[PDB]
């Protein structure tokens, strides 16, 4: 009773939205390296027995429509739901290719009262996107709530930029996949994410010719409203 039931016939869907190229009019830069993240995530969640669906370069309208449609599927035979968003962002917002989408709008589709086949099951939103423009300079060493059973695994602290390497992928996603590969058969998900926090915090530091952006650090943030422990086995 302390752990979510994860032996339904299917582990569940893993929806990966990978936004790399943005409409010129938005002025948003292309996100080099994001394809490496999307491929890593696809393989990682495949190995965890999720039904993975990759979507690329979605407009704000397409993001909302996809989320709505997925929330209206019958998830009765599924243990959980995973959504991964890879894009530009700011506080409370993820970008479609042509403009912003409110994160609250997306997640609301899956509220305990609005997606009944996911009520009581873990709904995980994994987000690689900026949450603002701060840089971390570091320091040298009956009923249930409708908001219950959500977890947001955010790549960076509220208010901060999030870092992505154009060759290797994002610091957060490369770390998340590595920790899942190593520990999904051994550790509870919060402990896996804590190891991701440590990996991102200790092993990465930005390199830039621009002093403003050089030698900067990142800490992801786990936002949990889960009510049980989550094991992938």
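Residue numbers count along the first chain shown, from 1.
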Between residue 141 and residue 142 - deposited residues without coordinates, as a size class: 10 or more
Which is higher on mean Cα B factor in this entry, 215 to 223 or 6 to 14? 6 to 14
Quick note on 196 to 204 and 181 to 189: per-entry mean CA temperature factor is higher in 181 to 189
Between 87, 119, 162, 98, where does the Cα B-factor run highest in the record? 98
Note to self: of 135, 126, 94, 148, the C-alpha temperature factor tops out at 94
Select lowest, middle or highest to describe the third in which the CA B-factor of residue 78 falls within its chain in this entry. middle
Going by what the PDB entry lists, where does residue 153 fall on CA B-factor within its chain: lowest, middle or highest third? lowest
Comparing against every modelled residue in the chain, figure out the third that the C-alpha B-factor of residue 58 lands in (lowest, middle or highest). middle
Sort the modelled residues of this chain by their C-alpha B factor and say whether residue 39 lands in the lowest, middle or highest third. middle
Record-listed C-alpha B factor of residue 47: chain third: middle
